[PDB]
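Asker: Chains as they are written, first to last, in the deposited numbering: chain B, 1 to 106; chain C, 1 to 106; chain A, 1 to 106.
So that we are looking at the same thing, I have put the structure below in structure tokens.
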Ligand code: HEC
Ligand code: HEC
Ligand code: HEC
Ligand SMILES: [Cl-]
Ligand SMILES: [Cl-]
Ligand SMILES: [Co+2]
Ligand SMILES: [Mg+2]
Ligand SMILES: [Mg+2]
Ligand SMILES: [Mg+2]
Ligand SMILES: [Mg+2]
Ligand SMILES: [Mg+2]
Ligand SMILES: [Mg+2]
């Protein structure tokens with residue numbers, strides 16, 4: 001999928017996690033987020049279209065999604081363990097990674 | 001290892017999982033598949049032999065193995081947490097990821 | 001952070017794990033190691049500075065940190081279930097992955 005569609009999937013499911021009441025909604029949303037994060041790694045964002053494909057900026061872009069995926073992993077295991085509020089608090093901390101990438105590359 | 005040997009590792013251990021009897025075989029097989037998936041990221045497939053290692057097809061290729069590794073991760077936790085049958089089911093669903101990369105780059 | 005600081009974070013936290021008393025200390029140190037491994041993957045090491053950013057060496061360097069991160073994952077899960085000695089032994093085996101990269105790119 002396009003980068004913006006993957007971003008839509010990340011944002012829509014973050015909202016689902018924040019509003020969620022049970023572990024099933026959270027786990028389902030985090031699984032969708034992981035898939036969108038990895039697929040976004042394949043994209044070149046418009047602001048880096050003037051960069052080499054292995055420039056430090058594109059490596060930084062791609063590793064940002066590895067960092068997001070590992071944060072999603074921690075939240076997803078908490079959701080699996082039934083720790084709904086902890087899984088939601090971990091999903092809130094995802095936003096630092098969202099924001100940091102946007103600051104550099106949106 | 002080179003790409004073909006990692007692919008044999010993937011194929012052989014997928015068969016071990018399909019024909020497994022105990023959790024130890026499945027856990028051991030999935031850990032070997034993850035290792036092989038990550039090692040395969042270092043390779044250049046013959047159909048991309050001449051392209052540049054940072055071309056979008058090479059990025060798509062390498063991210064295919066992150067996706068495979070994360071799907072292996074879910075199956076390995078199913079094996080580690082008991083559910084041998086559901087791990088084998090998840091291992092079987094990996095073939096969709098195997099096949100999607102093969103359609104493009106094999 | 002730069003590569004050398006991330007390397008000292010890896011080494012310091014491996015020391016912390018070796019002298020830890022309880023699982024919380026081991027888990028917290030492994031998460032710091034995971035953060036540093038991913039941040040170091042963004043770096044260009046001195047030995048490859050005069051190579052193409054898209055060189056096969058640079059890809060091999062970055063995949064090494066994926067392999068480290070996934071080994072840290074298994075150690076971290078041992079710590080989460082409270083298996084202190086088992087987590088410490090797995091942390092100790094990380095040194096094989098540390099050294100394998102150093103042999104090539106130190
Ligand atoms: C880089 C490593 C990023 C991470 C991590 C996240 N996002 Fe992102 N996002 C990124 C870029 C480069 C862009 C620009 C897109 C464009 O082509 O215009 C975006 C965009 C968004 C958007 C707006 C999409 C649109 O409608 O145009 C949203 C809503 C968004 N991103 C959300 C989002 C969330 C919720 C994230 C973490 C959970 C997140 N992004 C991470 C790059 C990166
Ligand atoms: C891309 C991201 C791939 C994923 C995921 C999987 N495979 Fe693959 N495989 C890929 C390529 C480019 C090739 C061709 C290699 C070559 O040198 O021709 C292959 C090949 C195989 C083979 C045949 C190996 C041979 O000796 O010719 C097998 C048996 C194989 N692959 C199995 C396999 C399995 C079981 C996978 C998922 C669990 C899988 N592959 C994923 C690229 C990619
Ligand atoms: C490649 C994939 C590596 C892995 C995995 C690990 N290290 Fe490393 N290390 C690497 C390089 C290229 C370098 C040289 C960096 C430089 O700028 O000089 C290093 C260096 C170190 C150091 C010294 C850092 C310094 O102060 O200059 C330490 C203490 C170190 N590495 C430790 C370490 C540990 C404990 C690792 C595994 C847990 C590990 N490294 C992995 C490349 C790679
Ligand atoms: Cl790359
Ligand atoms: Cl990568
Ligand atoms: Co896990
Ligand atoms: Mg489009
Ligand atoms: Mg759209
Ligand atoms: Mg679209
Ligand atoms: Mg000092
Ligand atoms: Mg010291
Ligand atoms: Mg010191």
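Just so you know, even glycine gets a beta-carbon here, dropped at the ideal spot from N, CA and C.
(1) Contact criterion: CB-CB distance below 7 angstroms. Does residue 29 of chain A meet it with respect to chain B?
(2) With a threshold of 6 angstroms, establish whether the CB of residue 33 of chain B neighbours any heavy atom of ligand 2.
(3) Could you tell me which of A/18, A/25, A/106 sits nearest to residue 90 of chain A, measuring between CA atoms?
(4) Residue 64 of chain B lies in the alpha helix (DSSP H); which residues open and close that run?
(5) Measuring CB atoms only, is the segment 31 to 46 of chain C touching the segment 61 to 68 of chain C, in the sense that at least three cross pairs come out at less than 8 angstroms?
(6) Would you verify that the beta carbon of residue 32 of chain C is, or is not, closer than 7 angstroms to some beta carbon of chain A?
(7) According to the neighbour-count rule (16 or more other Cβ atoms, all chains shown, within 10 Å of its Cβ), is residue 88 of chain C buried or exposed?
(8) Does the beta carbon of residue 38 of chain B fall short of 6 angstroms from some heavy atom of ligand 1?
(9) Please tell me whether residue 57 of chain C has its Cβ less than 7 angstroms away from any Cβ of chain B.
(10) In the DSSP assignment, find the alpha helix (DSSP H) that holds residue 89 of chain C and state where it starts and stops.
(11) Since residue 42 of chain B meets chain C, which of its residues come closer than 8 angstroms, beta carbon to beta carbon?
(12) Whole angstroms are fine: how far does the CA of residue 82 of chain C sit from the CA of residue 44 of chain B?
(13) Could you give the DSSP three-state label for residue 21 of chain B: helix, strand or coil?
Answerer: So, from the listed chains and residues:
(1) As a working note, residue 29 of chain A is residue 29 in the third chain. It does not; no Cβ of chain B falls within 7 angstroms.
(2) Numbered from 1 along the first chain, position 33 holds the residue referred to as residue 33 of chain B. No, ligand 2 has no heavy atom inside 6 angstroms of this Cβ.
(3) If you number the third chain from 1, residue 90 of chain A lands on position 90. Taking the Cα of residue 90 of chain A as reference, the smallest distance to any Cα among A/18, A/25, A/106 is reached at A/18.
(4) Start at 1 with the first residue of the first chain, and residue 64 of chain B comes out as number 64. Under the DSSP assignment, residue 64 of chain B falls in the alpha helix (DSSP H) whose first and last residues are 56 to 80.
(5) They touch, by the three-pair rule.
(6) Taking the first residue of the second chain as position 1, residue 32 of chain C is located at position 32. By the rule that beta-carbons nearer than 7 angstroms mark a contact, residue 32 of chain C does not touch chain A.
(7) Position 88 of the second chain, counting from 1, holds the residue named residue 88 of chain C. Residue 88 of chain C is buried by the Cβ-count criterion.
(8) The residue labelled residue 38 of chain B in the question sits at position 38 within the first chain. Not under cutoff, so the answer is no.
(9) Taking the first residue of the second chain as position 1, residue 57 of chain C is located at position 57. So no, residue 57 of chain C is outside the interface.
(10) Looking up residue 89 of chain C in the second chain gives position 89. Taken as a continuous stretch (DSSP letters only), the alpha helix (DSSP H) holding residue 89 of chain C covers 84 to 93.
(11) As a first step, residue 42 of chain B must be located in the first chain, where it is residue number 42. In chain order: 56, 59, 60, 63.
(12) Position 44 of the first chain holds residue 44 of chain B. Position 82 of the second chain holds residue 82 of chain C. Straight-line Cα distance between these residues: approximately 41 angstroms.
(13) The sequence position of residue 21 of chain B within the first chain is 21, counting from 1. The answer is coil: DSSP assigns residue 21 of chain B none of H, G, I, E or B.
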